[PDB]
$ cat run04.cif   # mmCIF, C-alpha atoms
data_structure
loop_
_atom_site.group_PDB
_atom_site.id
_atom_site.type_symbol
_atom_site.label_atom_id
_atom_site.label_comp_id
_atom_site.auth_asym_id
_atom_site.auth_seq_id
_atom_site.Cartn_x
_atom_site.Cartn_y
_atom_site.Cartn_z
ATOM 1 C CA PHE B 22 69.680 125.368 138.597
ATOM 2 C CA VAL B 23 71.048 128.549 140.233
ATOM 3 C CA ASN B 24 69.551 131.188 142.572
ATOM 4 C CA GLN B 25 70.247 129.210 145.770
ATOM 5 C CA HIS B 26 72.861 129.203 148.563
ATOM 6 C CA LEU B 27 74.755 126.575 150.609
ATOM 7 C CA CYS B 28 77.450 125.834 153.266
ATOM 8 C CA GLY B 29 78.429 122.899 155.493
ATOM 9 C CA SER B 30 76.024 120.136 154.408
ATOM 10 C CA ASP B 31 74.195 122.258 151.792
ATOM 11 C CA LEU B 32 77.593 122.564 150.087
ATOM 12 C CA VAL B 33 78.688 118.907 150.104
ATOM 13 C CA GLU B 34 75.005 118.335 149.303
ATOM 14 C CA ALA B 35 74.685 120.710 146.333
ATOM 15 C CA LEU B 36 78.224 119.701 145.314
ATOM 16 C CA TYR B 37 76.969 116.099 145.405
ATOM 17 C CA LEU B 38 74.018 116.931 143.114
ATOM 18 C CA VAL B 39 75.954 118.729 140.377
ATOM 19 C CA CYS B 40 78.612 115.985 140.393
ATOM 20 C CA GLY B 41 76.172 113.239 141.445
ATOM 21 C CA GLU B 42 75.814 111.156 138.260
ATOM 22 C CA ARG B 43 78.680 112.421 136.088
ATOM 23 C CA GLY B 44 82.031 112.890 137.860
ATOM 24 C CA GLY B 45 82.174 109.768 140.060
ATOM 25 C CA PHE B 46 83.962 111.297 143.072
ATOM 26 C CA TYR B 47 83.874 114.267 145.474
ATOM 27 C CA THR B 48 86.915 116.339 146.502
ATOM 28 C CA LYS B 49 88.439 114.927 149.697
ATOM 29 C CA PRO B 50 88.579 118.007 151.934
ATOM 30 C CA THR B 51 90.806 118.344 155.023
ATOM 31 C CA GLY V 1 87.994 128.000 149.959
ATOM 32 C CA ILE V 2 84.885 126.678 148.247
ATOM 33 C CA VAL V 3 82.342 127.856 150.846
ATOM 34 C CA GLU V 4 83.615 131.406 150.317
ATOM 35 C CA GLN V 5 82.689 131.077 146.621
ATOM 36 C CA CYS V 6 79.077 129.816 146.706
ATOM 37 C CA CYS V 7 78.231 130.660 150.340
ATOM 38 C CA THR V 8 79.158 134.294 149.594
ATOM 39 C CA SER V 9 77.473 134.610 146.182
ATOM 40 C CA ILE V 10 74.916 132.525 144.270
ATOM 41 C CA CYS V 11 77.171 130.435 142.001
ATOM 42 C CA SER V 12 75.709 128.614 138.976
ATOM 43 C CA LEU V 13 75.424 124.816 139.081
ATOM 44 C CA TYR V 14 78.022 125.032 136.293
ATOM 45 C CA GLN V 15 80.499 126.687 138.677
ATOM 46 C CA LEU V 16 80.127 123.708 141.012
ATOM 47 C CA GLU V 17 80.966 121.436 138.091
ATOM 48 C CA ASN V 18 84.456 122.926 138.487
ATOM 49 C CA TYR V 19 84.291 122.145 142.226
ATOM 50 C CA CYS V 20 85.044 118.549 141.180
ATOM 51 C CA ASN V 21 88.563 119.305 139.902
#

$ encode --input "run04.cif" --output "structure tokens"
Amino acid sequence: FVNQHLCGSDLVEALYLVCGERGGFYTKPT
Amino acid sequence: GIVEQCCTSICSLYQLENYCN
């Protein structure tokens, strides 16, 4: 689903929804 | 980095799929 925005939590949050099931990881920032 | 990609424009959930690279 598009048409939304993010940042800080919203990012790690949206990023955690798109890669929630599939993927099996995150990114490891900093 | 990544915040300057979706926080600046409305990216598609498919673009985030690449965020997990």

$ axis_aligned_box --input "run04.cif" --around "segment 1-18 of chain V" --padding-each-side "3 Å" --output "AutoDock Vina command-line options"
--center_x 81.5 --center_y 128.0 --center_z 143.6 --size_x 19.1 --size_y 19.2 --size_z 20.6

$ residues_around --input "run04.cif" --residues "residue 3 of chain V" --least-positions-apart "2" --cutoff "9 Å" --atoms "all atoms listed in the file" --output "PyMOL selection string"
(chain B and resi 27-29+32) or (chain V and resi 1+5-8)

$ interface_residues --input "run04.cif" --of "chain V" --to "chain B" --cutoff "7 Å" --atoms "only C-alpha atoms" --output "ChimeraX atom specification"
/V:3,6-7,10-13,16-17,20
